[PDB]
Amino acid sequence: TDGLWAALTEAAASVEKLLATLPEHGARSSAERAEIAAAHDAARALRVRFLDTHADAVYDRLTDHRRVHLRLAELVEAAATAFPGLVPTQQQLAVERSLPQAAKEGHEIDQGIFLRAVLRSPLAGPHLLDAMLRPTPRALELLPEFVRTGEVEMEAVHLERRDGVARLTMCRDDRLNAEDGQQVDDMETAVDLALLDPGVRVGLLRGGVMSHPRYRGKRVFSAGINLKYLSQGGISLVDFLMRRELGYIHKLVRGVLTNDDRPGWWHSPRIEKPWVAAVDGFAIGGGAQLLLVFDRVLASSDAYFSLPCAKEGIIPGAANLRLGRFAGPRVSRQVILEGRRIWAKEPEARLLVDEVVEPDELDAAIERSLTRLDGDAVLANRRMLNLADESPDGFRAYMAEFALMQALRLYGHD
């Protein structure tokens, strides 16, 4: 129309040509490495410039002018087929996934560029965020048996309904509840079921008993992202890092968006419920990120909280968005930039934790706290609080930049 799509198509062609004619990654010469790096850079710069003016038109083709809610996975897949060279195809990602991270060309970065541009749009952004708040198909599929049975066993999460509480137990006993793509799917499924189940009034997140010998018999909340999978190239930008932030973690804040199915939808299109978190052992990385979103947080006297995501190379999700509000900008930089670790019994733990109780009194204090969040008044108040604490624009703008900043960190030399 005015040159950008054609110039991008060309820049992507030069990339495919070099990737076809050059040696494999570990065999390229210094001159060859600079040649491909420059080609990638020229294509990505044009991906940004194309979308600065054409993002809404692209999103409209993919969503039929914002009448079809597409989740992240479906969105980036449809974008690849409808706009070749804008974002990688399923195949090109398949090739990337079989390689070690160091040998990857970095095609996920193109998805970072795309999702940044979509979320920056005041029209496309809120619509994509709504799509991710809708219930997952898996959860709709499991909902009737959960209502009948009160119990669902998944690979990384055990869900149980007892006394109007949805009890989510993170139960990866071999690896201290380290996070991967499967844990995100199980968590979102369980969060969806907790919110849609009419016999659930409050949610509870806790780590289960561990089996690994260093922690046998001990509960552990979360050791954060699976560093092995990160190194091997098993951590997906879209299906893990973005999915968790826009899916289950955002649903803890704002609920699940339903269809116009029920009375009161005109005032409450989303079903939200209060959430309690109980921390045993420690909350590290992604686990600690979760605590910034709960209505009540309890911890054992011996627990600690840290975000070592820094020195590790990557951004701790939306902790950079939320932590300042809890601890102020000095402490939030101490934790995020310099890896400060906060112990449950030091005074500043009160910035993250409501109750710190000795292991022998912890179970009973958890139970008491589940009784204190029951009514419709709690729902209205937590909704107004979350609206004040984190505006839709605030969250949307952060996740937009995050999509690309985190994509780049995923492929940095660190």
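In case it trips you up, residue 1 is the first one in the sequence shown, and so on.
- Higher mean CA temperature factor, per the PDB entry, when comparing 6-14 with 386-394: 6-14.
- The mean Cα B-factor in the deposited entry runs higher for 307-315 than for the other of 307-315 and 140-148.
- The maximum CA B-factor among the listed residues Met132, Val253, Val165, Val87, taken from the PDB record, is found at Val87.
- As recorded in the entry, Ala38 carries the highest CA temperature factor of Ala380, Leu362, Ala38, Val353.
- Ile366: CA B factor lies in the lowest third for its chain, per the PDB record.
- In this PDB entry, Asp52 carries a Cα temperature factor that places it within the highest third of its chain's modelled residues.
- In the deposited entry, the Cα temperature factor of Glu346 places it in the lowest third of its chain's modelled residues.
- Annotation for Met399: C-alpha temperature factor in the lowest third relative to the rest of the modelled chain, per the entry.
- Per the deposited record, the Cα B-factor of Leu337 falls in the lowest third when ranked against the other modelled residues of its chain.
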